[PDB]
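Encoded as structure tokens, the structure appears first; notes follow it.
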Amino acid sequence: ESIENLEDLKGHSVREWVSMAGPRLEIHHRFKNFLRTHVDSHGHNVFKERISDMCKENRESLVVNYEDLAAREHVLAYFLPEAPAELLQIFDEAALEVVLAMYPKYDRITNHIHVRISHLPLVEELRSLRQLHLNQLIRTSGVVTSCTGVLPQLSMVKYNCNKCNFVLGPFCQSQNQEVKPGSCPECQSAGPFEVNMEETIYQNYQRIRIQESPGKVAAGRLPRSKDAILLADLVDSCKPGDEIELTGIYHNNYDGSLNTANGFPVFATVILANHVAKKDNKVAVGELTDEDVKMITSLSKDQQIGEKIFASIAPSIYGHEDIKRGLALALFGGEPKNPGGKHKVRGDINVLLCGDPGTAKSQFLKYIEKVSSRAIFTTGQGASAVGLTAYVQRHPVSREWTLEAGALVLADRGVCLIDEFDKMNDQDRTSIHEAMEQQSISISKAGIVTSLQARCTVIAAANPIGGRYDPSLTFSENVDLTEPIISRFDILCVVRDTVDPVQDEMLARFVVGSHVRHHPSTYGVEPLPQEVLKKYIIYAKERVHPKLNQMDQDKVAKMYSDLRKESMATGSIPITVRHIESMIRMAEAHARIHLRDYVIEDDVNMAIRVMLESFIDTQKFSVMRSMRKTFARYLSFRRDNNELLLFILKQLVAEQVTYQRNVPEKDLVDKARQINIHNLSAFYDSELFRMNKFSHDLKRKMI
Amino acid sequence: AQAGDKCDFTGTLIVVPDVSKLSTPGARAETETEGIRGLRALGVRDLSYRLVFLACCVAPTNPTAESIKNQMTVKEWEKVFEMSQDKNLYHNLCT
Amino acid sequence: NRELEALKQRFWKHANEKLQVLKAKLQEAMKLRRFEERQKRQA
Amino acid sequence: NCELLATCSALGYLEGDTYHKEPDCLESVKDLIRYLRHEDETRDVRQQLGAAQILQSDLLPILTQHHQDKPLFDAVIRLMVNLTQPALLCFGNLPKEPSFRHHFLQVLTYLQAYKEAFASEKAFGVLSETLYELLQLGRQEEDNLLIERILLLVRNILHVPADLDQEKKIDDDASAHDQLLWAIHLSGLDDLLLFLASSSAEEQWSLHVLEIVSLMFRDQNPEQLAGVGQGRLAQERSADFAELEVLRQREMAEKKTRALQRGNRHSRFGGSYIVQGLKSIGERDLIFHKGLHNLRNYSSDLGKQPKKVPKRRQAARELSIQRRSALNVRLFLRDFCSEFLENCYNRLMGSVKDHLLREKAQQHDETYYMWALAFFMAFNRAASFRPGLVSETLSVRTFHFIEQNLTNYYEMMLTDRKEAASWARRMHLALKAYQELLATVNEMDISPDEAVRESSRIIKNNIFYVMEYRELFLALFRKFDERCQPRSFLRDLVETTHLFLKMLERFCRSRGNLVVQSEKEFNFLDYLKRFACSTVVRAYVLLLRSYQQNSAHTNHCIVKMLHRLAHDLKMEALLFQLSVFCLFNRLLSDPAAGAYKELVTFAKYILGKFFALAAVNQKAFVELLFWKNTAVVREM
DNA sequence: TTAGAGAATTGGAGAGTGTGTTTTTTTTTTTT
Ligand SMILES: Nc1ncnc2c1ncn2[C@@H]1O[C@H](COP(=O)(O)OP(=O)(O)NP(=O)(O)O)[C@@H](O)[C@H]1O
Ligand SMILES: [Mg+2]
Ligand SMILES: [Zn+2]
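Residue numbers (the deposited numbering), protein chains in the order written: chain 2, 169 to 689, 709 to 849, 860 to 900; chain 6, 236 to 266, 277 to 308, 321 to 352; chain Q, 525 to 540, 592 to 618; chain K, 7 to 144, 148 to 526, 685 to 803.
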């Protein structure tokens, strides 16, 4: 059989070389070995795990990282950008017969597997593409401006003879011209032919136009653009408005239309795609590994996970712990539901940050834009009603009316960030009512009558009247927003830059510390790393769906009723059900933060606390004392419950010592799981059992 | 060269045919003044012409750390060094 | 010129087409592979 | 493909500037030789190995860095000889069908690549060092075999046609052949070739060394080569500027003549005229449409196209154009000619003629003999002339040898139809050698030595006494064909005929020379009246058509012979022809007519004689139309 | 030995075939 070789030395060109049988077989064997022997830094066989995660979901597409392909097999990384079509075909075959070794019945699911190359280091600016890059693998970035529909393209076509029954054998379709038979071998009739529509093999096709991102280099200049072709599983990888990162072969062909347009032998160009990522969706649940899931689920075991997550939001901002808490609950979000299959209620949580200048509200919005996937940002007069919701336009080539996505539709399962919300026009600001509650955008324009989905969490920032918040007035008395728009915000936040010299010293020292820490070169818990937090959020929003079975209905109802009573006398607006459902959503969000499948009393207490503290913040400064006493005493500011566990421990020890004289941690937690006091960890981190000389050990379990 | 720039171009004025009128073995034709006639490639059509400036060079008409390190000649190095060591450079630069 | 060179050093302290670079730095590793194969065969 | 790829890749790997060979590389090259010996008729293994560039990639590094491994080295030498074998030998003949001609072209392309690669000086350095050791040793069958294969490798690399589409290179830019010659010079193998030619101990290689020298000199001609002094570069700079200046001025003048020919109004500026005194092809007068400025110099073929003459009727054309080699290469080649003429010519040429006598030479090696006989004799004539250095080929035996070869090539040209052009090229070589011998016997009369003057008179007496050297020119003119022979052949033939008739005139006018051949009486004008034939004047006029492109000496020769034939023999009416009169019309209407004083004066003389005859009678116009035999005496 | 008449081979001119060909409504942003 054909003999193995040193690959990198040859007299041929690279394309000719890898086309020859000997080196083709050697490349095939090398890539097979690379797939079956590559390991992570920790020693995990990477591609066994990736192939199993592919064959479970039937994704029929294997993503490979160049930055370790180069580490394992040098010459394959050498030939890949030089002869990408040939090497990628060889990689596809090798990957297919590796996958059919791991899962022998997978040919029932798919007969062909595509190797998709990622993290290609030879990135190129979109306007910097030249003739030097032709027929080579490139990586570019840009915003998708246009997409065709997903269309069937011929791939292996059989032609019925124009005068008889015979099928002329398969022709491999190209992207340059429609392949044709000429004349039939059974009888040499010629010219037109019929495609056998049943036996012909088709492939998915989608042509997209991408241009430079508006903020990248187009500083008043017009942006350059390129066409790209997506084939097979790469279709529907992107939509218009997506900031994609595209790897593909820069391919060119003769175009007579361009020749007559320019008066020169000018060849059209197109990118044959090989991988599509997105620069906002830097992490996705379809890309999470078993180790990521393991370390996420290990982090959830920590009782401090709520505090860690709250401290992990915008860690370069001092203080504003209530703001970080509310933003965490909105960032994780509640659970949507439809009881009875006839009555929808939203799961998403809306936040409004009101306050005076220099208080990091816009900075919070920018942080949320950076951390969260599918996020968008807009400001004041820059936004419009039509752009926020959806717009109807003459289609560029068809010239028929077409509906197009606005802000809240492009963020249909993300976050829409609206900075300086008080300064919008009323016609712009009232457009988001349906999107904020009914989570649809209904359009009746130019013959289009349809409703789009807008399941978006709106987080907004604003200043009060005159810029400076005055504590002499209620929130409603100085915000200038109306009740229908205020009540749609689940969480109301007030930030005030009041003078307090010790707090000013702490804040200023932290700000100077941030400035010296981030040179180019209230937390008390330490944050998570932001990469870990992104993985945690994207895991929790998909792999967890908190259910509700019991939440102490009479407690919440009593709380809501006297909250309505107190609000009737003052200046913030708990419209009837929206605040009840805000509490339900916040309890579900807290359960999601803890990765709980079912909502518990602690989550309900947290939701009640958030609602009541926000409501107390909206009161006049003189009224806060009476209001805070009213809700704090009766309505469940459940700080801690150490006394019951102290006397339970003392009772159990008294009985045990009496028994001994005439595993105690197990004895303690048995009575603690019998009585509704199950969160025993607070008792162990509290001094009440310590000055009673009790202590704990997870190994010995003696106390 | 970008739009709005005032630039000096050097090259040659060339004549460019109406390529839409020419058929060839490579590719077919793609179809107010008269134009020329009689070529085999042109067929029965008539070929018009237009003037194009084939620019071999472009420059303005009036003109990073690595870029600074390369551009700074010895006189400029000495000048910026003397300015950095200039006492009361504050008031000197203000004036 | 030592102080001027020190100013240049401070400037460089603050100071902080690629297919061919890739090919060269990779061809170094392939040269290493050839050398190691040759040594192992000749040993 | 796969087995050949495996076996060739098995040989060795190249690291930077060094080559490391695998232990079984000897058996690998033996396998490659085995595949080459069992090729298909398409030369498939040669094609595949050339495509793989295994010669450049592996064999040249092995030659230049592992020549100490002798059993590998000789196998590598034989393999390179087989790979570099010329395509005409590979296929037997130039093919005539598309597929095999494509195969020929592919093999030839890989030969271009091999020749480009071998210009690296280390290859010929190793070859020259090896052959130096071998000739010091010279003796064994394997040793002389290795000498033969080294010489055949040098022959093979020298003998490839240059692909002048890619070698589309200007006046004295170094071609691939120039770089190869410079590599030979730097390696010192030229000194070994000189040693082989000068030494009497190994004369069997003299024929091969003659072939090597004949392939070294291909672009060059001796008259230009001998004049390359050390200060020639500055002179050629000024000459290039002057030539560009005159070319540009000539083009500007031609542009202005065209501009004044057409009007200053645009093309569609209409208007039509009738020329009342000029009948059309019908009965009515001609209607003219192209304007008064086209009428100012009216011609009745302004709107017409040329005729498509068929393939079997088209004239032959020159196979080369005179690009000079680089000036350093020209200096080296002049020095090589000097050393070859001084140290090597007599012994080598005697040895080659001895090889022809022994009849072990190949079927056309006397073409190389006659090439050298032309080239180095003409080199001796240029610059300081010395017959002593070149005495051997002045023998009458060489004249007889050239005459029999030329007549044999002439007969084979007239009979061997399928190969007639190559026989014409061989006859041209023989004619050039004959011309140069006429030149040197002319030259030595000017020398001051009485002994060589005696030798000159001896040679002239026997050569003009023997008739077959004399009648050969009439034979060549009578069966000259433009369809087979290029214009350079006719130019050389005219120059040779003028020189021969000049020397015969001088000999007969200074000495009696009363008998020829069995003696029979002889006079000079009797022989000159043989050239008063329609075919001869037709050929001379055919060369006269290119008077602008002809050299000044060629114009002098052609007008001198035609003026002799018209005036002294009193046969102007033979030259009365209408094509000849069109030639005279273009000559007289030439803007550069002042540069051709002898030609225009001769044209006016013959035209005046014609118009005298026309004034005598109207029959001259009809007789002017058709070529004419000895019945021309009616007109005279 | 040289030149003209009868027979053989191949170029291409011409016939036939196949194919190609301003003005109104509705929206959106910005200008006053
Ligand atoms: N507690 C804080 N910690 C760190 N930086 C802070 C803090 N408060 C304010 N800043 C800084 O203040 C600057 C302004 O932030 P920004 O988000 O624009 O404030 P703002 O709330 O939007 N004020 P305004 O736009 O007038 O309503 C940023 O550089 C913040 O980092
Ligand atoms: Mg702000
Ligand atoms: Zn059929």
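Built from N, CA and C at the ideal position, the CB exists for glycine as well.
- With a cut-off of 8 Å on Cβ pairs, the segment 578–593 of chain 2 is in contact with the segment 612–632 of chain 2, counting three or more such pairs.
- The three-state reading of DSSP puts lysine 76 (chain K) in helix, counting H, G and I together.
- Listed by position along the chain, the residues with Cβ atoms less than 7 Å from a non-hydrogen atom of ligand 3 are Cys329 (chain 2), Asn330 (chain 2), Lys331 (chain 2), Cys332 (chain 2), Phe334 (chain 2), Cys352 (chain 2), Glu354 (chain 2), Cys355 (chain 2), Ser357 (chain 2).
- Taken atom to atom, the span from the alpha-carbon of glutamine 343 (chain 2) to that of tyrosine 422 (chain 2) is near 11 Å.
- Relative to the Cα of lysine 837 (chain 2), the nearest Cα in the group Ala869 (chain 2), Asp275 (chain 2), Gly416 (chain 2), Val444 (chain 2) belongs to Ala869 (chain 2).
- Of the heavy atoms belonging to ligand 2, none sits nearer than 7 Å to the Cβ of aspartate 590 (chain 2).
- Residue range 616–621 is occupied by the beta strand (DSSP E) that includes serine 619 (chain 2), with no alpha helix (DSSP H) assigned at that position.
- With a threshold of 7 Å, the Cβ atom of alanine 744 (chain 2) does not count as near ligand 1, since no heavy atom of the ligand is closer than that.
- Residues of the same chain with a CB within less than 7 Å of the CB of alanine 129 (chain K), apart from the 5 flanking positions on each side, are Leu66, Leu69, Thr70 in chain order.
- Look at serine 15 (chain K): its C-beta is under 8 Å from a C-beta on chain 2.
- No Cβ of chain 6 is located within less than 8 Å of the beta carbon of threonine 650 (chain 2).
- In the displayed model, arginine 307 (chain 2) falls within a strand according to three-state DSSP.
- Below the 8 Å Cβ cutoff, chain Q contributes no neighbours of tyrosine 377 (chain K), its closest Cβ being approximately 48 Å away.
- Of all residues in the segment 217–249 of chain 2, only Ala238, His242, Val243, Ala245, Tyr246, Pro249 come within less than 7 Å of chain Q when Cβ atoms are compared, listed by chain position.
- Beta-bridge analysis with DSSP links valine 667 (chain 2) to no other residue.
- Distance from the CA of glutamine 239 (chain K) to the CA of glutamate 28 (chain K), rounded to the nearest whole angstrom, comes to 49 Å.
- Bounds of any beta strand (DSSP E) do not take in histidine 563 (chain 2), whose DSSP letter is neither H nor E.
- Taking C-beta atoms as the reference points, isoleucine 439 (chain 2) and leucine 414 (chain 2) count as a pair closer than 8 Å.
- Assigned with DSSP and collapsed to three states, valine 87 (chain K) falls in helix.
- Using a Cβ-Cβ distance cut-off of 8 Å, the segment 785–793 of chain 2 and the segment 605–624 of chain 2 are not in contact, since fewer than three pairs of beta carbons, one from each stretch, lie closer than that value.
- Proximity of the segment 421–435 of chain K to the segment 443–451 of chain K falls short of the contact definition, fewer than three beta-carbon pairs being nearer than 8 Å.
- Distances from the CB of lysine 476 (chain 2) to the heavy atoms of ligand 2 are all 7 Å or more.
- In the DSSP annotation of this structure, the continuous segment of the alpha helix (DSSP H) that includes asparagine 417 (chain K) starts and ends at 405–424.
- Contacts between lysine 615 (chain Q) and chain 2, judged by CB atoms closer than 9 Å, are missing: the closest CB pair is about 14 Å apart.
- Taking 8 Å as the CB threshold, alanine 322 (chain 6) lines the interface with chain Q.
- For the set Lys505 (chain 2), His287 (chain 2), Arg307 (chain 2), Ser286 (chain 2), the Cα lying nearest the Cα of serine 296 (chain 2) is the one of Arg307 (chain 2).
- Using a cutoff of 7 Å, the CB of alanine 528 (chain 2) counts as near ligand 1, since one of the ligand's heavy atoms is closer than that.
- The C-alpha of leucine 322 (chain 2) is placed about 27 Å away from the C-alpha of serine 393 (chain 2).
- Counting C-beta pairs closer than 8 Å gives three or more between the segment 329–345 of chain K and the segment 180–190 of chain K, which meets the contact rule.
- A residue is called buried once 16 or more other Cβ atoms fall within 10 Å of its Cβ, and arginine 518 (chain K), having fewer, is exposed.
- In the displayed model, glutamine 379 (chain 2) falls within a strand according to three-state DSSP.
- By the criterion of a C-beta distance shorter than 8 Å, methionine 379 (chain K) is surrounded in its chain by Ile411, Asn414, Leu438, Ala439, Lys441, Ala442, once the five residues flanking it on both sides are discounted.
- At a beta-carbon threshold of 7 Å, the residues of chain 2 lying near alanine 604 (chain Q) are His242, ordered along the chain.
- Close to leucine 594 (chain Q), with beta-carbon spacing below 9 Å, lies no residue of chain 6; the smallest spacing is near 21 Å.
- Proximity of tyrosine 19 (chain K) to chain 2, defined by a Cβ-Cβ separation below 8 Å, is satisfied.
- Note: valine 347 (chain 2) is not bridge-paired with any residue in the DSSP secondary-structure output.
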